[PDB]
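Single chain ahead, by itself, as structure tokens, in the form deposited in one PDB entry.
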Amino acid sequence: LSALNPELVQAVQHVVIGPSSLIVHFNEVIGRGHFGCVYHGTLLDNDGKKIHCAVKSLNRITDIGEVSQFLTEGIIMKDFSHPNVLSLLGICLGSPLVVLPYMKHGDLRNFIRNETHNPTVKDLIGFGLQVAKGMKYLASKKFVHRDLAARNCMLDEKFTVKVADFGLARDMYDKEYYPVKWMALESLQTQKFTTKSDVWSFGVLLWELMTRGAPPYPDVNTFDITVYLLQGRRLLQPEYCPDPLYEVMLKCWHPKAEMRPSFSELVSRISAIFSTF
């Protein structure tokens, strides 16, 4: 710990949680191991109010070199706050900890897939507008997500969607042992990601929401996807999906990235479609 550069130690203090401020229960995991070593935690604020949080131990980090990068990951992600983006409550420096807020309803794809829950067409579009909002915030900060899908969005107690799976919340699904179908055609052809490829992915997420979490292109192999899209074939209009919203999904999948809507135009368009219910 004393090996760390003191200027960097100083720069990361506003992201660091003191040990006396956090209670981690290592005896109870969140989400039956499906998110790796994520535990129920209790974070205390300056007023001593208790915040129920999700604590992830970062086992991969073992040396002062990898520790330094992680401090910078915490510093950058701490400045990303928006109601539709999953926040970084803090970091704890026993492997380093990543303290995230608790999401009662877990991931979005699993929530919409669970037969017990019956969201309406309005609730679904409302989840899509929420994602679009978080994505609009990320695009304003020049942040490229690179892996947007319903499995990577979380749901809290007030059914507020949070864009996750980025920064210190990356590798969300690393269950240790004893995404071409969301990718833009140019991402598949050149391995380069932009806001314009995030929009293609958002279009897929919109289709996932309206099908209640059906897998895209079930009969197309991941190697065959490139040829399929080059022929100008796309995901079909889901059953209870309105024509204006399907027109939006198709605009998201245009072969020319520059012809695709921005997240601002998608927020604008989707909110006005949402308002018609």
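Numbers for residues come from their place in the sequence shown, where the first is 1. Definition used throughout: the rigid core is the maximal C-alpha set that superposes within 1.5 Å between two forms. Residues that one form lacks are left out of the comparison.
The next section is about a form of this same protein that is not shown, the form deposited in another entry.
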- Core-superposed between this form and the one not shown, the one of 188, 144, 121, 75 with a C-alpha shift of 2 Å or more is 75
- Message: Please state whether residue 217 has a C-alpha shift of 2 Å or more between this form and the one not shown, with the rigid core used for the fit.
- Response: no
- Task: Answer yes if the Cα of residue 34 shifts by 2 angstroms or more between this form and the one not shown on a rigid-core superposition, and no otherwise.
- Result: yes
- Has the Cα of residue 173 moved 2 Å or more between this form and the one not shown, judged after a core fit? yes
- Note on the structure: Relative to the shown structure, Cα residue 120 and Cα residue 34 in that other deposited form (3 Å or more change) are farther
- Item | Cα separation of residue 74 and residue 148 in that other deposited form versus here, shift of 3 Å or more | closer
- Please identify, after superposing on the rigid core, every run of 3 or more consecutive residues whose C-alpha atoms all shift by 2 Å or more between this form and the one not shown, listing them in sequence order. 8 to 14, 18 to 23, 31 to 37, 57 to 59, 68 to 75, 172 to 178
